[PDB]
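Undergrad: Whatever this is, show me its structure:
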Amino acid sequence: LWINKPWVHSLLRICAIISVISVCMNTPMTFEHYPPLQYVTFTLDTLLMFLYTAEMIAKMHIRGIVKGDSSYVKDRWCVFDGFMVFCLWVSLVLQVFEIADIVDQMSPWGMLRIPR
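TA: Numbering: from 1, shown residues only. Find the structure here:
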């Protein structure tokens, strides 16, 4: 009901170049050049997480009668997708700490800044 339409198939292919242009701009030098981009990257990625997170709980609403259809033991793409969303959410709480004056950019927690 939510997956078989080509509208979500068209937006799933287009949301990655805005995802790349949102992660690959996490540099402190270009943070200092344009602070409005720093201010709008928060609401952009937050709206993107609001549209990304709804595909996981969507299985509950519509679950295939076929056994193993979405099983994590059989499909690796949903496992890797949950991995990217989990690292992306810990990146979101890192950015929440970054807006606050608790953690800076010169912290070792950026080793986790790799899997975007």
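Undergrad: May I see the buried residues of the longest helix seen in the chain?
TA: Secondary structure of the chain per DSSP state H: the longest helix is helix 77-99. Neighbour counts over helix 77-99 (16 or more other CB atoms under 10 Å) mark 85, 88, 91, 94, 95, 98 as buried. For the C-beta atoms, the positions are set from N, CA and C on the backbone; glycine is no exception.
Undergrad: Can I get these in a markdown table including distance to residue 55?
TA: What follows is the buried residues of helix 77-99, written out as a markdown table (distance: CB to CB, whole Å):
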| residue | distance to residue 55 |
| --- | --- |
| 85 | 9 |
| 88 | 13 |
| 91 | 18 |
| 94 | 23 |
| 95 | 22 |
| 98 | 26 |
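Undergrad: which residues sit against the longest helix of the chain?
TA: Applying CB atoms under 8 Å, 6 or more residues apart in numbering, the contact partners of helix 77-99 are 42, 45-46, 49, 52-53, 56, 70, 72, 103, 105, 109, 112-113, 115-116.
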